[PDB]
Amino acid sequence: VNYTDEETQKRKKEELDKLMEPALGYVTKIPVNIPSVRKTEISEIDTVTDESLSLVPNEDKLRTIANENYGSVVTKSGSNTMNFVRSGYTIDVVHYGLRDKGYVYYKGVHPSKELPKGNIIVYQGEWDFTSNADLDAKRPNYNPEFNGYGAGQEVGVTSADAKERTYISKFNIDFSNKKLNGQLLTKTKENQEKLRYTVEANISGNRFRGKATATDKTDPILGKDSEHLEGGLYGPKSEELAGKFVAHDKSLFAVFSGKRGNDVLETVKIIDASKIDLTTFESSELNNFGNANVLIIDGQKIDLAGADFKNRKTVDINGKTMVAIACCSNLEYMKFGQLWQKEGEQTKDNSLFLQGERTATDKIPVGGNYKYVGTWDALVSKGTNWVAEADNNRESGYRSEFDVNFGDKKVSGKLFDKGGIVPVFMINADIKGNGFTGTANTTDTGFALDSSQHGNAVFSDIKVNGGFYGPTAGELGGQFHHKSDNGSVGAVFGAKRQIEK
């Protein structure tokens, strides 16, 4: 007898919900019935963490099984059309028996940090799917759509098993309203299109969450709705998208991909997420899906929220032990802080990081003068290392204070050492869109690294990049960095808008 875990509808729902988590990609295994069971649901749905488009998920393992047992692996990725996303399958087309038949997947690169400012933008692409395996699901021994005897009965049937059919996808993305509609079609050799699903989703960050509605509930393979469709926009300015949905009965796993035309569109930043390497003082980008309170390292997530003012989070990723100090608890829409790899008592790859969810451009205050109070993190290196570490002291801590004039579109700021009553860094920037750009300066003679003859640090007009974050730009953050021989600095800062008592 075949004993399996009883699952409540609750548990099932939760399991589906967990699949809605953003990721670079997803991949599932095509269900193959063991001889004793009549039905095998889709279940092995794994996230994808690798950032290489050329790497096809589990094509390695499938190749292997196609080697030991003889085998013929065919891989469809849509690599000849897409630049940032890959979707499709890798499948042993000569499959028999009980070994792996293959996998269906999507994956992407550079989760978009810029979106088209508005309007409806069309994305065209393709989609693929795998069914579950079921003997008692009225799947015909001859299928007019899918090759072979009893497709979908013992082994999941895929888009690869389709008789002279192409599986096209079309999307309308309303960037003004952050809504998304779409059609998944099947075109025949006679160039006749058949709608199979319609999709609807809402956009948060660079991800969209919604549903796929099966247009023909009488279809034994493609006839079940999905309330669990999730995907993302990929490419620096949302050039492409890819995503997936799962049928509510786990009887279908579909992936899809789209790409917009060449019409040059005005974009807007929605996400800031980068790090400054504290030994080269270069700034690199971080992957991020629009949630500033999560840090994406090597395709795996790290929650930064905590009960303290700032919080230390230690997470193991690919053997690498990562430690991140993330500030602050009063910042709902941004985080910044320290990030390194733990090497026993040593620490490598030291870096500062900043993340924030940019305010809607049309929601930036047109006028008014506001104070922003927060803190900062920094490393200055000139023979010795001066350091700023985020804290909760408004009076004598490592303060950061900001006067924002939304009328004159200017930002003035002071970055204090602790105890000091004069700032060691001074920021002047100009507001454009939902960001600001400027300069950080030391005083004419700068500030001392250690409190004679200990050195003085001096920095002239270092580029400052920053943004406003939150629904109404009530939070602000920024970074600056510079490496030379007369001295180097990496710094990130964050501040919360004030009201007077």
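All residue numbers refer to positions in the sequence shown, first residue = 1.
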Counting only residues from the deposited sequence, how many are left out of the model between residue 451 and residue 452 (none, 1 to 3, 4 to 9, 10 or more)? 1 to 3
Higher avg CA temperature factor (163 to 171 vs 92 to 100, as deposited) belongs to 92 to 100
Using only C-alpha atoms and the B-factors in the entry, which stretch averages higher, 129 to 137 or 246 to 254? 129 to 137
Among the choices 118, 231, 407, 182, identify the one whose CA B-factor in the record is greatest. 407
Looking at 227, 239, 298, 193, which has the highest CA B-factor as recorded? 298
Mind checking which third residue 465 falls in for C-alpha B-factor across the chain? lowest
Report the third (lowest, middle or highest) to which the CA temperature factor of residue 475 belongs, ranking only the modelled residues of the same chain. lowest
Once the chain's modelled residues are ordered by C-alpha B factor and cut into thirds, is residue 293 in the lowest, middle or highest one? middle
Name the third of the chain's ranked CA B-factors that contains residue 22, choosing lowest, middle or highest. lowest
In terms of the CA temperature factor given in the entry, to which third of its chain does residue 323 belong: lowest, middle or highest? highest
